[PDB]
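Coming up is one lone chain in C-alpha cells, specifically the form deposited in one PDB entry.
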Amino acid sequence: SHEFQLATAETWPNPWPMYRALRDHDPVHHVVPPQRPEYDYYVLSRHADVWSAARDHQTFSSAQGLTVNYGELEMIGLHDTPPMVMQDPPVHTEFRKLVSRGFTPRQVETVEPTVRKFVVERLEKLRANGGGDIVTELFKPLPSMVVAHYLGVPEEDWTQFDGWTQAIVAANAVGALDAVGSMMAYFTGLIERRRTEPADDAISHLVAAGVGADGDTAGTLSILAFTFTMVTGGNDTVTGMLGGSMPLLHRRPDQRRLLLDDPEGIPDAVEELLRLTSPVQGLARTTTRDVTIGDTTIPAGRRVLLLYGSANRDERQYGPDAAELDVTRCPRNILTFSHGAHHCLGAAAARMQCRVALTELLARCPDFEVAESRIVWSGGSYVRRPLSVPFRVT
C-alpha cells in the first residue's frame, strides 16, 4: 500500500514507498481517521520541513505528548511530572543543562571497553553455534548495559536492572507494573546513596546539583521520570539501529568490502546506517499557532507527525539515490537524533555501540547471512526495530 497509515509489525518491513508518495504528492499531509475524524492530524515527510519543525519548539510543542493520539498525556498519567522529552523551554532548559553533565565524552569512553567485551563474547558464542538470533543474543541485551552505565547503576545490579528494562520496553512499544515499582524503589535508594557517594553519571550529577535536595520531592520525582526516559528511549532504538543494519549490510557485499579493506571508514558508515535505519521513524508535536508550510495551513492545536524516517530518505537532501546504502556518503544533518533543544542526549553512546558492533561483526563474522523475510518487527508506530533477526555464520 502507498496510502498513509501508522506502522504495525506487518508494515515495518517496507514503509519507504509510502514515505516517497507523501514527499512527492502531499508533503504537508492531512490525515483524517475515518473512525475518528475529530482526531485528525498532519504529517511532515520532507527533510526541510521536518528539520525546521524539530528546531521550532515555540510553534511545534512537545508538551502535549509525542504521539498522534490526543489525550496521550492524561491517558498515560504524565501531566504532573512530565518527562523532559515532553517539556518545552524554558521549563526543559535547566534540567537538560544539569543532566547533560552526565553526557560528555568521558562517559562514552569509560563504557566502550565493556561494550566491546560483551559484543565479542556474544559474537563468538554465535559463531561457535554457526549462528542464532543476533537480536536475542546481543542487540537486545547490549544497550541495557549502556543505559545502566549512564544511570550510574553498579555493574553488580545490571542483570536485575535488565530484567525491569525488558519488561518496560516490551510494555511500552505498541503493562509492566512490577518492573516499574522495582525500578522506582531501586532508584529511590540509588538517589539517596548518590547524596554522599557521587560519581560522574547523570543521576549523581543531578543530585550533586541539588535536584531533590532538602525535602524537594518534585526534584526527586523528576530524576525518577528521567530514569524512565532513559530506559524507554535508550534500548529499543539501539536495537533497531543494530538489527536494522543487518539486512542493509547483507545485501551490499560491495559496501562491506569497502569497510573490510578500510575499517577506518566505519565511523562514517555508522552515520549512513543511522540515516537509513532511523530507529525513531517519527514523533509528534502540537502546533501552538496556525502555521503555513507551502500551500497548506496547519491549524493551531493539532498534532503534527515529524517523519524523521522520511526526512532521512528525502532525495531533496540526499539525492535520487537516497534510498540506497552508501557508506562513503557522509550524510550531514540527519534527523535520526532529532534537531534542536531535544537533540538525543545518547547520540554519542548510540554511535559508539554501532561502531563497536560493526567493527566486531566484520572481524569475527564476515561471512554472514540474514534472511530478511524471516525478520520479525516489533509492534508500535514510532520506533522501527526487529524482535528477531535470524543470523547464520559460516
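Numbering starts at 1 and follows the sequence shown. Definition used throughout: the rigid core is the maximal C-alpha set that superposes within 1.5 Å between two forms.
We do not show the form deposited in another entry, though everything after this point is about it.
The only C-alpha among 300, 221, 120, 293 that moves by 2 Å or more between the shown form and the other one, given a superposition on the rigid core, is that of 221.
Once both forms are fitted on their core, the CA shift for residue 102 between the shown form and the other one remains under 2 Å. Shown in the overlay between the shown form and the other one, fitted on the rigid core, is a CA shift at residue 210 of 2 Å or greater. Comparing the forms between the shown form and the other one on their rigid core, the Cα displacement of residue 76 reaches 2 Å or more. Relative to this form, in the other form the C-alpha atoms of residue 273 and residue 85 separate from one another by 3 angstroms or more. Relative to the shown form, the Cα atoms of residue 84 and residue 69 move together by 3 Å or more in the other form.
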